[PDB]
């Protein structure tokens, strides 16, 4: 439906995020859920966290080891929506499998507000787009996301040491309204790289399971952030990548 798709993009451009219900059907939810759980149970995951507690555990570049996650990353529906919203052809940069859950010694904590854009090591970072796919039901108390509508239109934050920093530092910004978006299993959000967003702690006893996939302009090139763990891209060859090197081929596949 063209009109519907144009209305969706209109919302995207105004707010910097959009909620799309039922982008996966129930069988797809169960497939991708099963694999997400398999990967978190058997592959190596990264802890994002601190002495305050775990923000999440995640499987980095989950699409390189799992053909199933690669199909979720390049899912035709998600991909057609992404390109229509971004307005130009795209490539996958990465997909991560995300987990917030409470453990005995380690209570889930919120994902603090942040600005993803310049934490992405590519030339078109400022216009990147993220698809966050719910694989279980994510009501507010399970740690759904909150967005600041229109925040993608603000001047970028003053360049700190942290490329993801500077949410709620622009003039007037703290006075902007904030939108909390619970999601059902198989819904996704798309959000712009400059859109400020957060997520709650998971205060329930059922894990929050989702994937987050970053999409970039089809012509993007490597741009180091300065942070080693963001800049060190696996499956890109023996040697470190050089600034301005194209991100092409099967490693960074065309969505189309």
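Numbering follows the first chain given and starts at 1.
Novice: Per the record, averaged over C-alpha atoms, which has the higher B-factor: 208 to 216 or 222 to 230?
Specialist: Mean B over CA atoms: larger for 222 to 230.
Novice: If you average the CA temperature factors over each stretch, which comes out higher, 240 to 248 or 18 to 26?
Specialist: Averaged over C-alpha atoms, the B-factors run higher in 240 to 248.
Novice: Among the candidates 116, 137, 162, 96, give the one with the maximum CA B-factor reported in the record.
Specialist: That would be 162.
Novice: Per the entry's Cα B factor values, which of 199, 188, 34, 193 stands out as the maximum?
Specialist: It is 34.
Novice: Could you tell me which third, lowest, middle or highest, the C-alpha B-factor of residue 110 occupies within its chain?
Specialist: Tercile = middle for this residue's CA B-factor.
Novice: Taking the C-alpha B-factors as the PDB entry records them, is residue 180 in the lowest, middle or highest third of its chain?
Specialist: It falls in the bottom third of the chain.
Novice: Could you look up the Cα B-factor of residue 127 in the entry and say which third of the chain it sits in: lowest, middle or highest?
Specialist: Tercile = lowest for this residue's CA B-factor.
Novice: If you rank every modelled residue in this chain by C-alpha B factor, which third holds residue 89: lowest, middle or highest?
Specialist: Within its chain, residue 89 is a middle-third residue by C-alpha B-factor, going by the deposited values.
Novice: Would you check the entry's CA temperature factor for residue 172 and let me know if it's in the chain's lowest, middle or highest third?
Specialist: Highest third.
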